[PDB]
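Below is one structure, written out as structure tokens; comments come after it.
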Amino acid sequence: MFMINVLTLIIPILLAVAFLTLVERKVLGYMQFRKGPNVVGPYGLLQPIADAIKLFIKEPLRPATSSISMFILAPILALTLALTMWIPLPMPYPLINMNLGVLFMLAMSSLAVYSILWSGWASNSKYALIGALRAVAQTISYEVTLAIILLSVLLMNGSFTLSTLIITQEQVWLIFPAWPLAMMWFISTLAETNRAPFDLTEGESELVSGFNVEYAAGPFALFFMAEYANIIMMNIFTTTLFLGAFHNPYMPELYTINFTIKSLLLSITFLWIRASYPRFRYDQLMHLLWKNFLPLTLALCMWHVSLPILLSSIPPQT
Amino acid sequence: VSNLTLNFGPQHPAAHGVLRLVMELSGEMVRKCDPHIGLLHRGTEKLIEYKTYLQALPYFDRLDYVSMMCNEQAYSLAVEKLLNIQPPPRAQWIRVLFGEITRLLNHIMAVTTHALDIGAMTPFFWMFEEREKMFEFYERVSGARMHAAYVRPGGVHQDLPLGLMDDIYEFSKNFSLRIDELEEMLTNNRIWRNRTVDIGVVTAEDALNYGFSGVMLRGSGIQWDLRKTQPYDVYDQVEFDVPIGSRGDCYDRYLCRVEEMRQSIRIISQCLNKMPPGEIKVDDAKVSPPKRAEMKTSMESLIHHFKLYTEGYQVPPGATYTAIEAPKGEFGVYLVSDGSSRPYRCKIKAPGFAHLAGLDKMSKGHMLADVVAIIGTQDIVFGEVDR
Amino acid sequence: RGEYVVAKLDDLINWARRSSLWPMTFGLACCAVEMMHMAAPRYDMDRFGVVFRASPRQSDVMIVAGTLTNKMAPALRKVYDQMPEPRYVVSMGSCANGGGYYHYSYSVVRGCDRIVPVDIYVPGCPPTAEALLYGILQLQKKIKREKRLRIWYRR
Amino acid sequence: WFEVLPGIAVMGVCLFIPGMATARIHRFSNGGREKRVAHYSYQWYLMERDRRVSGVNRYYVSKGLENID
Amino acid sequence: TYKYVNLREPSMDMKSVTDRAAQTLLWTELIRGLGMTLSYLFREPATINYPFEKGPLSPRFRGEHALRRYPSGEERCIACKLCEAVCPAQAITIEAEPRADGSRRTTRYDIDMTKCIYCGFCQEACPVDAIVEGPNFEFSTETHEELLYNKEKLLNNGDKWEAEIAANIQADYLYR
Amino acid sequence: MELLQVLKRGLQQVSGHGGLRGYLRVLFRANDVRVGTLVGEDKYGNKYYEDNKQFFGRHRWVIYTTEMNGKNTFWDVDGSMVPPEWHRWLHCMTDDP
Amino acid sequence: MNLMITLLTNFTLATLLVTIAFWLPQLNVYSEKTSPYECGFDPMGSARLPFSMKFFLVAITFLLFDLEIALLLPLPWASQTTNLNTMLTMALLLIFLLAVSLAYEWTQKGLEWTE
Amino acid sequence: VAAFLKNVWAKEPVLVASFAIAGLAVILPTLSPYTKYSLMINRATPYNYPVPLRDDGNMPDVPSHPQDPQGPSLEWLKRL
Ligand SMILES: CCCCCCCCCCCCCCCCCC(=O)OC[C@H](COP(=O)(O)OCCN)OC(=O)CCCCCCCCCCCCCCCCC
Ligand SMILES: CCCCCCCCCCCCCCCCCC(=O)OC[C@H](COP(=O)(O)OCCN)OC(=O)CCCCCCCCCCCCCCCCC
Ligand code: SF4
Ligand code: SF4
Ligand code: SF4
């Protein structure tokens, strides 16, 4: 019964990754004024299976790793984190209801970078090293800021439960009480994934994803997996945190529907932002975070420490 | 010790041509860059010496492939100039028309691919659709897609198919709308701007010593043009105005390319209004072949045909340097003719071969991630640079 | 009888593996622009599943377009030489397919055969994007008849 | 133009399945009604009290007012 | 004349800088302008299914090298060597032995489609219009062998379609 | 209000074109499913369709069918399946079939 | 225990998928091995490295700013007590102190990133 | 002052607005009328069982029966 629950959670996020990649290719296609894949199956529904079994079957391809340990560690870690992140996300019901919750997601999201340190470490290519160190740097710098945001927007919940969030949302979406901090936290969600503008790239550039996206073949179908699945997550955790629907018990699938729709549309907006804008150069990015985001986050935060005591509504910890 | 030596990369997804590069740098900053050019070098100038003028012309097509009818115009103007001929007026007008059309091509490419390199996957797509419409024009005109000559000495041959200028008009109608759509796609984008603002500036006199000729001099002070100052054909007459910029900032150069696209629309328009119905080729039978109706049934037309193909017209000896305005800047060929059929020694001038030599100074003040934009910003094709 | 399983699975790994086949674009010279017009919206590649992505390690097959000079050639064979073992080479353009408009002078290599083995020769100068596309499709139809596994079954 | 919306629909089924799954599996495996939430020790204590007074060892059957009769 | 850009006075006066703090801060131009001009998505994309549909072309288009012959086919080629003489890639070969009838045709007429740049010069130079660039682009041979054409392959190419080429030539001969 | 016209366009084309199985047939055959447009002078096995002129560039379209040269089968569709004259009129070369 | 079963599964499927992804490519129909791989000469990608203080300092400030962040993390529990005065005083005081660290480092030569 | 703030708000609006949110966030908790309400609320929620005391020999107040009003009354929260 319980392993049934686990399987029903984790298999559909993988299928969700495949057909997500489909929707990505299409939305970018028409956004670019051209039809996406039609010629694999009808309408493009066989495209993932192509990508899937082929991209699995192309042979391992290079080089001496120098560490047999890490090379087969990092993918397992990246997946395992990407799969367990989905546990607390509320849904009508969490599948594990944790008192703390959201800071558990915050915590594992903080662990997610060892796959980049180790992945980029075992290349034996001294350039992919440097690239990896840098990607760790930007991911980590946006692990600073984001944490403070959750530590603010949550302060209108009154507890970490991640369930009571759906209780706060009943009257008004949390986007209204703070829009700006929600804006900064959206862009923050673009950060770690390194969607455009924040992505690094091919041609001439730091090429972190040059060997990172190149190397490890099938295990690149893994890093591929954890990256897209992690995307769908951060979209969902946005949908839960900064907005949400009314939960009518006796009919949970109603809230499940509405939740699903808004989340999917949000991810759609990721893929079309990536279409939309150019990339920042690296330093302008890092100290764009240090220049402006983090100070204004501090301001809004202290204003949310002082605010609820002003208006005399401070939230009811259960 | 410190520093480094890094290298190029084989392609970005749109890459036109490959360079290597060696940049001695400091921590995420480039102190010295030394581009290795000559990677793709096909040895044209040695080939041209072995082939007659009519034969060597596709070389002048495809040495710089993006802008094409322009290079055609350069070599043709060279042979005409040295050969004491004038093309009939309608030839000059058609040549102007497709000249500025081609300029619209090379500019829209340079801008869009400059975006795709930097980010911004989409504008490449939106605009290269219209570019496909442009080649849809060429295919009617010359009977092939891209490299088809459709330019000779002593004027163009095979005038437009009946009903072409309608299509030309129709594209030129709303191209303005679409390029403005690009201007909303960019230009006040905090990303693209804030990536390229002060990167790779140039002092005017410095640009003169380094010999930059093109959107470089345009966008940085030093108001100059060959189109205005040394009109090489009826392109003199039509009215239009060139842009400039005062920041020398590499952003000015962008906007100058844009405004040159718009002005190109003006020139195309007025050209469509002014077109005389004179004729195509010159009337001198020994410079350019006769049409088949005269070829057959008439003796001298046949002879001049046969020999003008086998041996080709003979060009009197002389040394010429012609220069035109090509969308990458001043382009020119230096012809050296023994009195003969074949040429002898002709060295083209690639604007990219000059502009590229400037990365040493231009890139001295910005780290490599924007050395990308430093290379891409000045319109350059490594097929033209090498030669 | 398992040979039915053999042929079916052949059409599976083959069916997919050909259905995607996203290559790398080597793009030396003016054939590269025409290739980009195959990537433009009108002639668009994506419909057929071919994806545009650049890296020799991710590369399914390689398109040699443009003129191949002596100076570039070794680098070309290296790019060939770190690649997924199943691989295919499509020679685009009159130049790379046997020397094209040069075929002479010195710096240019004559054909890309002299460097790496080649599968689909598509002539044209440049080959019209439609023609290049027809070349890729014909490469797919070379992938159909591979029948690679049942000879590993040695019957 | 419609090419993407079937794929989006499939994403909708694909993200929408675990919600109905876990919800119906509470409403089945856990008895007619939802699973209790034990976050605070008090609520757990009440749970195991229900457990002991069920005679079924399960907090599903809640007994009822008439169980005292 | 010179019409220059970016030389302007940014107003540090009020009501400009209002919208400057709004502009830097709230991303309105970025959001509205860009996101919306992509939300321009809905226009029907331009894509064509190549097996089942084909893009536009022109009667002067240059395909592959079909030889032509007269009505009551004479092998319209006279052997006169011109098409070989003007070939800018030099790739052609002609060797002509007078045949039984005393008229002259070619023994070996060859092309390297590899070397061939698809000029159109050999289409202009032929006095009798023996060789014409075909309409059809039909290609993608599997071997470097197969791209070299005998006189024979060029003939059979000419027989495969003529009234095609007859329609093109009959259309455009007024231009040439 | 307006969408009923749209679903009547799709419903119409799928209804009249190919029948019950015909929509699946033409659909997997060519992922482009178009309203039945005129006739197009069948000639060999391959059937032609010329649109009402609704739009350019995708003006006209074809199904290659099967058995050409007593060789291959369907699913092998490619160029050169068109005979010469249909190659001319299908490419916009000439506006007269 | 329940979430520990979820961790046992989620670690399996990771392991299983990895294993499949190693088998099948070297379980493939024909695997062929020739090419030399030159670790060899220092300038292939980059050369050597003179690791620079900037990135490391970013790791550092990531530490100090973490510490202040987690020290701030329990606040949502503390925002409700019977002493509000002290609460506001030392919460605004604490994260104000974070912003003082940042303001200092932003005044000195630190960051500035072009060097 | 006026020119200084106009210029720092011309250049760096994020930083000015940040100091504004900061300062206003500092002062406003002192002035606003609603402050005491929050405190009295927070004190009105018992976490811990109220424990009786020996009644006889005491000053009468906070009376036995929970309805007898003499104790504290949060009714002001009942309607607010
Ligand atoms: C060479 C490497 C070998 C190892 C490789 C490992 C790969 C995967 C690493 C990443 C995964 C880390 C997972 C950590 C899980 C942490 C769980 C947790 O903290 O849950 C919080 C929850 C709090 O419960 P609460 O809501 O307060 O109360 C319930 C009602 N009263 O708590 C509970 O409900 C109680 C749960 C207790 C269950 C036991 C937890 C054991 C954790 C062992 C971790 C081992 C791996 C360490 C990480 C290695 C990282 C590389
Ligand atoms: C009355 C009581 C008190 C009330 C107080 C209320 C005060 C409110 C005042 C305003 C509040 C904050 C508004 C939002 C601020 C967010 C941070 C910010 O201002 O960023 C701007 C910054 C500027 O960039 P730049 O000029 O380079 O840097 C200046 C450095 N000297 O950076 C940028 O502009 C670049 C960032 C680009 C990011 C990539 C593009 C993103 C595109 C999508 C964004 C929108 C997403 C919306 C959310 C989706 C759904 C969740
Ligand atoms: S074949 Fe022609 S178009 Fe292609 S690279 Fe060579 S010259 Fe350029
Ligand atoms: S088109 Fe080909 S055969 Fe004809 S002249 Fe040019 S290279 Fe020679
Ligand atoms: S020019 Fe014509 S007739 Fe003369 S040899 Fe060539 S194909 Fe034959």
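Identifiers for the structure tokens are assigned positionally: chains receive A, B, ... in sequence, residues are indexed from 1 per chain, and ligands are indexed from 1 in the order shown.
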- Please identify every residue of chain G that has at least one atom no more than 12 Å from any atom of chain B, counting only C-alpha atoms, and report them as a ChimeraX atom specification. /G:41-55,113-115
Just the selected residues (N, CA and C atoms), exported as a compact mmCIF listing (two decimals), in the first residue's frame, please.
```txt
# COMPACT_ATOMS: atom_id res chain seq x y z
N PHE G 41 49.41 17.36 -22.43
CA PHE G 41 49.93 18.71 -22.35
C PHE G 41 48.96 19.66 -21.67
N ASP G 42 49.52 20.60 -20.92
CA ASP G 42 48.71 21.43 -20.03
C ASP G 42 47.69 22.29 -20.77
N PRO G 43 48.05 23.06 -21.95
CA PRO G 43 47.00 23.84 -22.66
C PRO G 43 46.15 23.02 -23.63
N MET G 44 45.13 22.33 -23.11
CA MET G 44 44.06 21.85 -23.98
C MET G 44 42.82 22.69 -23.77
N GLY G 45 42.07 22.42 -22.70
CA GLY G 45 41.25 23.43 -22.08
C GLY G 45 42.10 24.17 -21.06
N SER G 46 41.94 25.49 -21.03
CA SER G 46 42.67 26.41 -20.16
C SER G 46 44.16 26.07 -20.19
N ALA G 47 44.86 26.37 -19.10
CA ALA G 47 46.17 25.83 -18.79
C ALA G 47 46.40 26.03 -17.30
N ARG G 48 47.04 25.06 -16.64
CA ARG G 48 47.40 25.18 -15.22
C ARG G 48 46.18 25.66 -14.42
N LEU G 49 46.38 26.56 -13.44
CA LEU G 49 45.40 27.49 -12.88
C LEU G 49 46.05 28.28 -11.76
N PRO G 50 45.90 29.60 -11.75
CA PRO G 50 46.27 30.39 -10.58
C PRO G 50 45.06 30.75 -9.73
N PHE G 51 44.51 29.79 -8.98
CA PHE G 51 43.19 29.97 -8.37
C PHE G 51 43.10 31.28 -7.61
N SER G 52 42.03 32.03 -7.88
CA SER G 52 41.93 33.43 -7.51
C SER G 52 41.06 33.62 -6.28
N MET G 53 41.42 34.61 -5.47
CA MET G 53 40.80 34.80 -4.17
C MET G 53 39.31 35.12 -4.26
N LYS G 54 38.83 35.65 -5.39
CA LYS G 54 37.45 36.11 -5.47
C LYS G 54 36.47 34.99 -5.17
N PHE G 55 36.55 33.90 -5.93
CA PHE G 55 35.60 32.80 -5.78
C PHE G 55 35.62 32.25 -4.36
N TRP G 113 34.67 42.79 -8.63
CA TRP G 113 34.59 41.74 -9.63
C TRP G 113 35.34 41.93 -10.94
N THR G 114 35.85 43.11 -11.23
CA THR G 114 36.69 43.29 -12.41
C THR G 114 38.11 43.57 -11.93
N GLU G 115 38.97 42.55 -12.06
CA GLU G 115 40.32 42.56 -11.52
C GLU G 115 41.15 41.48 -12.20
```
Chain B contacts on chain C, only C-alpha atoms, 8 Å, as a PDB file with N, CA and C atoms, in the first residue's frame:
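The resulting part.pdb:
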```pdb
ATOM      1  N   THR C  25      26.776  20.526 -35.989  1.00  0.00           N
ATOM      2  CA  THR C  25      26.931  21.299 -37.216  1.00  0.00           C
ATOM      3  C   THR C  25      28.364  21.802 -37.277  1.00  0.00           C
ATOM      4  N   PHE C  26      29.158  21.245 -38.190  1.00  0.00           N
ATOM      5  CA  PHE C  26      30.568  21.609 -38.217  1.00  0.00           C
ATOM      6  C   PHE C  26      30.756  22.971 -38.874  1.00  0.00           C
ATOM      7  N   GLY C  27      30.095  23.193 -40.008  1.00  0.00           N
ATOM      8  CA  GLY C  27      29.876  24.528 -40.541  1.00  0.00           C
ATOM      9  C   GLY C  27      31.083  25.378 -40.882  1.00  0.00           C
ATOM     10  N   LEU C  28      31.948  24.889 -41.765  1.00  0.00           N
ATOM     11  CA  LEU C  28      33.162  25.628 -42.091  1.00  0.00           C
ATOM     12  C   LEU C  28      32.862  26.918 -42.844  1.00  0.00           C
ATOM     13  N   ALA C  29      32.035  26.851 -43.877  1.00  0.00           N
ATOM     14  CA  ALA C  29      31.967  27.949 -44.835  1.00  0.00           C
ATOM     15  C   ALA C  29      30.531  28.085 -45.329  1.00  0.00           C
ATOM     16  N   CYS C  30      30.359  28.802 -46.442  1.00  0.00           N
ATOM     17  CA  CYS C  30      29.053  29.266 -46.899  1.00  0.00           C
ATOM     18  C   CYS C  30      27.983  28.187 -47.004  1.00  0.00           C
ATOM     19  N   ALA C  32      27.378  26.574 -44.481  1.00  0.00           N
ATOM     20  CA  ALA C  32      26.838  26.664 -43.130  1.00  0.00           C
ATOM     21  C   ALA C  32      25.595  27.537 -43.089  1.00  0.00           C
ATOM     22  N   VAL C  33      25.588  28.627 -43.854  1.00  0.00           N
ATOM     23  CA  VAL C  33      24.422  29.502 -43.870  1.00  0.00           C
ATOM     24  C   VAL C  33      23.205  28.750 -44.379  1.00  0.00           C
ATOM     25  N   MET C  36      21.833  26.666 -41.848  1.00  0.00           N
ATOM     26  CA  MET C  36      21.011  27.427 -40.918  1.00  0.00           C
ATOM     27  C   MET C  36      19.634  27.704 -41.494  1.00  0.00           C
ATOM     28  N   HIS C  37      19.530  27.859 -42.815  1.00  0.00           N
ATOM     29  CA  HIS C  37      18.206  27.990 -43.409  1.00  0.00           C
ATOM     30  C   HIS C  37      17.438  26.685 -43.356  1.00  0.00           C
ATOM     31  N   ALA C  40      16.066  27.249 -40.275  1.00  0.00           N
ATOM     32  CA  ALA C  40      15.138  28.365 -40.222  1.00  0.00           C
ATOM     33  C   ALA C  40      13.731  27.813 -40.042  1.00  0.00           C
ATOM     34  N   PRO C  41      12.715  28.654 -39.867  1.00  0.00           N
ATOM     35  CA  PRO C  41      11.367  28.101 -39.707  1.00  0.00           C
ATOM     36  C   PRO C  41      10.823  27.397 -40.937  1.00  0.00           C
ATOM     37  N   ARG C  42      11.021  27.951 -42.136  1.00  0.00           N
ATOM     38  CA  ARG C  42      10.336  27.437 -43.321  1.00  0.00           C
ATOM     39  C   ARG C  42      10.631  25.959 -43.548  1.00  0.00           C
ATOM     40  N   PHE C  52      19.062  20.665 -32.861  1.00  0.00           N
ATOM     41  CA  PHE C  52      20.278  21.443 -33.035  1.00  0.00           C
ATOM     42  C   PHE C  52      20.987  21.551 -31.689  1.00  0.00           C
ATOM     43  N   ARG C  53      22.151  20.917 -31.579  1.00  0.00           N
ATOM     44  CA  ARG C  53      22.962  21.052 -30.379  1.00  0.00           C
ATOM     45  C   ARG C  53      24.415  20.809 -30.747  1.00  0.00           C
ATOM     46  N   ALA C  54      25.312  21.490 -30.040  1.00  0.00           N
ATOM     47  CA  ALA C  54      26.718  21.548 -30.418  1.00  0.00           C
ATOM     48  C   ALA C  54      27.572  20.948 -29.312  1.00  0.00           C
ATOM     49  N   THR C  67      34.397  24.406 -46.823  1.00  0.00           N
ATOM     50  CA  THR C  67      35.625  23.942 -47.445  1.00  0.00           C
ATOM     51  C   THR C  67      36.612  23.528 -46.367  1.00  0.00           C
ATOM     52  N   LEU C  68      37.220  22.362 -46.539  1.00  0.00           N
ATOM     53  CA  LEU C  68      38.102  21.788 -45.535  1.00  0.00           C
ATOM     54  C   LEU C  68      39.549  22.032 -45.942  1.00  0.00           C
ATOM     55  N   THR C  69      40.203  22.961 -45.253  1.00  0.00           N
ATOM     56  CA  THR C  69      41.598  23.280 -45.504  1.00  0.00           C
ATOM     57  C   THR C  69      42.524  22.315 -44.776  1.00  0.00           C
ATOM     58  N   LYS C  71      44.830  23.041 -42.845  1.00  0.00           N
ATOM     59  CA  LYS C  71      45.051  23.483 -41.478  1.00  0.00           C
ATOM     60  C   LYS C  71      43.943  23.001 -40.553  1.00  0.00           C
ATOM     61  N   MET C  72      42.700  22.979 -41.034  1.00  0.00           N
ATOM     62  CA  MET C  72      41.595  22.504 -40.209  1.00  0.00           C
ATOM     63  C   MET C  72      41.544  20.986 -40.105  1.00  0.00           C
ATOM     64  N   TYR C 102      37.297  24.447 -55.630  1.00  0.00           N
ATOM     65  CA  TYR C 102      38.737  24.589 -55.538  1.00  0.00           C
ATOM     66  C   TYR C 102      39.396  23.319 -56.044  1.00  0.00           C
ATOM     67  N   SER C 105      44.871  24.294 -55.978  1.00  0.00           N
ATOM     68  CA  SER C 105      45.757  24.994 -55.060  1.00  0.00           C
ATOM     69  C   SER C 105      46.261  23.946 -54.067  1.00  0.00           C
ATOM     70  N   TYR C 106      46.441  24.303 -52.808  1.00  0.00           N
ATOM     71  CA  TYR C 106      47.202  23.468 -51.893  1.00  0.00           C
ATOM     72  C   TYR C 106      46.451  23.280 -50.584  1.00  0.00           C
ATOM     73  N   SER C 107      46.152  24.390 -49.911  1.00  0.00           N
ATOM     74  CA  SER C 107      45.667  24.341 -48.540  1.00  0.00           C
ATOM     75  C   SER C 107      44.397  23.514 -48.405  1.00  0.00           C
ATOM     76  N   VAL C 108      43.591  23.430 -49.452  1.00  0.00           N
ATOM     77  CA  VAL C 108      42.322  22.720 -49.360  1.00  0.00           C
ATOM     78  C   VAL C 108      42.556  21.225 -49.514  1.00  0.00           C
ATOM     79  N   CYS C 125      25.873  23.918 -54.420  1.00  0.00           N
ATOM     80  CA  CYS C 125      26.837  24.933 -54.044  1.00  0.00           C
ATOM     81  C   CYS C 125      26.164  26.277 -53.803  1.00  0.00           C
ATOM     82  N   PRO C 126      25.504  26.443 -52.653  1.00  0.00           N
ATOM     83  CA  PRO C 126      25.263  25.417 -51.646  1.00  0.00           C
ATOM     84  C   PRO C 126      24.129  24.504 -52.053  1.00  0.00           C
ATOM     85  N   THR C 128      20.639  23.276 -51.933  1.00  0.00           N
ATOM     86  CA  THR C 128      19.432  23.917 -51.436  1.00  0.00           C
ATOM     87  C   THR C 128      18.983  23.224 -50.159  1.00  0.00           C
TER      88      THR C 128
END
```
- Residues within 12 Å of ligand 5 (only C-alpha atoms and all ligand atoms), as JSON, numbers by chain? {"B": [305, 306, 309, 310], "E": [65, 66, 67, 68, 69, 70, 74, 75, 76, 77, 78, 79, 80, 81, 82, 83, 84, 85, 86, 87, 92, 93, 94, 95, 96, 104, 105, 106, 107, 108, 109, 110, 111, 120, 121, 122, 123, 124, 125, 126, 127, 128, 129, 130, 131, 132, 133, 151, 154, 155]}
- Query: Neighbours of residue 3 of chain C within 10 Å (only C-alpha atoms; same-chain residues fewer than 6 positions away dropped), as a count of residues only?
  - Reply: 4
Interface rows for chain G against chain C: nearest pair, Å to one decimal, 8 Å, only C-alpha atoms, as a Markdown table:
```
| residue | atom | partner | partner_atom | distance |
| --- | --- | --- | --- | --- |
| G:29 | CA | C:149 | CA | 6.2 |
| G:31 | CA | C:85 | CA | 7.3 |
| G:32 | CA | C:85 | CA | 6.9 |
| G:35 | CA | C:81 | CA | 7.0 |
```
Which residues, written as a compact mmCIF listing (two decimals) with C-alpha atoms, in the first residue's frame, have at least one atom at most 9 Å from segment 46-49 of chain C, with only C-alpha atoms counted and residues fewer than 6 positions away on the same chain left out?
```
# COMPACT_ATOMS: atom_id res chain seq x y z
CA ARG A 25 10.65 21.78 -27.66
CA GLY A 29 9.19 26.06 -31.49
CA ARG A 34 8.02 27.33 -36.33
CA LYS A 35 6.30 24.02 -35.66
CA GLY A 36 7.95 21.71 -33.16
CA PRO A 37 8.48 17.99 -33.74
CA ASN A 38 5.60 16.45 -35.65
CA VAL A 39 7.33 13.63 -37.49
CA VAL A 40 8.13 11.42 -34.52
CA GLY A 44 5.15 14.59 -31.23
CA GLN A 47 9.60 12.04 -29.31
CA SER C 19 13.87 9.13 -35.45
CA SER C 20 15.91 11.49 -33.35
CA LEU C 21 19.48 11.57 -34.67
CA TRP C 22 20.39 15.06 -33.53
CA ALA C 39 17.21 25.31 -39.31
CA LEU C 137 16.19 11.72 -44.87
CA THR E 47 6.92 25.39 -41.74
CA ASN E 49 6.52 19.30 -44.77
```
- Go through H:16, H:1, H:9, H:35 and flag the residue nearest chain G, using only C-alpha atoms for the distances. H:35
- Select all residues from chain D having any atom no more than 12 Å from an atom of chain E (counting only C-alpha atoms, ignoring ligands), output as an MDAnalysis selection string. chainID D and resid 1:4
Residues just named, written with C-alpha atoms as a tab-separated table (two decimals), in the first residue's frame:
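So out-v8.tsv came out as:
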```tsv
chain	number	residue	atom	x	y	z
D	1	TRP	CA	-0.71	26.12	-33.67
D	2	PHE	CA	-2.38	23.55	-31.45
D	3	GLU	CA	0.66	21.24	-31.49
D	4	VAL	CA	1.72	21.93	-27.92
```
- Item | Interface, chain E side, toward chain F (12 Å; only C-alpha atoms) as a PyMOL selection string | chain E and resi 44-61+134-140+157-168+171-172
- Item | 9 Å shell around ligand 1 using only C-alpha atoms and all ligand atoms, listed as an MDAnalysis selection string | (chainID A and resid 69:70 73 76:78 80:81 84 96:101 104 107:108 111:112 114 161) or (chainID D and resid 37:41 44) or (chainID G and resid 1:4 7 10:11)
Mind dumping the selected residues with C-alpha atoms as a PDB file, in the first residue's frame?
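Dumped to again.pdb:
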```pdb
ATOM      1  CA  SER A  69      33.817   6.344  -6.540  1.00  0.00           C
ATOM      2  CA  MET A  70      32.570   9.823  -7.378  1.00  0.00           C
ATOM      3  CA  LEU A  73      28.184   8.634  -6.882  1.00  0.00           C
ATOM      4  CA  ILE A  76      22.800   8.700  -7.850  1.00  0.00           C
ATOM      5  CA  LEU A  77      22.885  11.697  -5.524  1.00  0.00           C
ATOM      6  CA  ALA A  78      21.420  14.131  -8.049  1.00  0.00           C
ATOM      7  CA  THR A  80      17.879  10.726  -5.194  1.00  0.00           C
ATOM      8  CA  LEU A  81      17.636  14.351  -4.112  1.00  0.00           C
ATOM      9  CA  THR A  84      12.852  12.958  -2.510  1.00  0.00           C
ATOM     10  CA  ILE A  96       4.697  12.443   4.260  1.00  0.00           C
ATOM     11  CA  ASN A  97       3.347  15.149   6.535  1.00  0.00           C
ATOM     12  CA  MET A  98       6.320  16.769   8.244  1.00  0.00           C
ATOM     13  CA  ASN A  99       6.050  19.432  10.915  1.00  0.00           C
ATOM     14  CA  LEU A 100       9.048  21.386   9.639  1.00  0.00           C
ATOM     15  CA  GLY A 101       8.665  20.671   5.977  1.00  0.00           C
ATOM     16  CA  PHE A 104      13.609  20.348   4.729  1.00  0.00           C
ATOM     17  CA  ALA A 107      17.991  21.844   3.161  1.00  0.00           C
ATOM     18  CA  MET A 108      18.112  19.133   0.510  1.00  0.00           C
ATOM     19  CA  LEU A 111      22.736  19.515  -0.598  1.00  0.00           C
ATOM     20  CA  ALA A 112      22.059  19.340  -4.339  1.00  0.00           C
ATOM     21  CA  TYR A 114      27.678  18.081  -4.426  1.00  0.00           C
ATOM     22  CA  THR A 161       3.981  22.910   8.268  1.00  0.00           C
TER      23      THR A 161
ATOM     24  CA  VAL D  37      -1.826  14.545  11.502  1.00  0.00           C
ATOM     25  CA  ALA D  38       0.320  13.899  14.552  1.00  0.00           C
ATOM     26  CA  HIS D  39       2.677  16.899  14.420  1.00  0.00           C
ATOM     27  CA  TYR D  40       2.221  17.719  18.102  1.00  0.00           C
ATOM     28  CA  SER D  41       2.523  15.083  20.817  1.00  0.00           C
ATOM     29  CA  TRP D  44      -0.636  11.581  18.829  1.00  0.00           C
TER      30      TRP D  44
ATOM     31  CA  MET G   1      10.481   4.718   9.103  1.00  0.00           C
ATOM     32  CA  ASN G   2       7.966   5.535   6.383  1.00  0.00           C
ATOM     33  CA  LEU G   3      10.052   8.321   4.895  1.00  0.00           C
ATOM     34  CA  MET G   4      13.004   5.983   5.384  1.00  0.00           C
ATOM     35  CA  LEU G   7      14.603   7.000   0.909  1.00  0.00           C
ATOM     36  CA  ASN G  10      14.400   6.619  -4.129  1.00  0.00           C
ATOM     37  CA  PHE G  11      17.954   5.449  -3.608  1.00  0.00           C
TER      38      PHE G  11
END
```
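Interatomic distance, atom CA of residue 191 of chain A to atom CA of residue 242 of chain A: 17.6 Å.
Residues of segment 3-202 of chain B carrying a DSSP assignment of strand (DSSP E), computed from the backbone, are residues 20, 21, 22, 23, 24, 25, 26, 29, 30, 31, 32, 33, 34, 35 and 36 of chain B.
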- Specify as an NGL selection string all residues of chain H found within 12 Å of chain G, counting only C-alpha atoms. :H and (15 or 18-19 or 22-30 or 35-47)
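Among the candidate residues E:16, E:150, E:170, E:24, the one lying nearest to ligand 2 is E:24, with distances computed using only C-alpha atoms and all ligand atoms.
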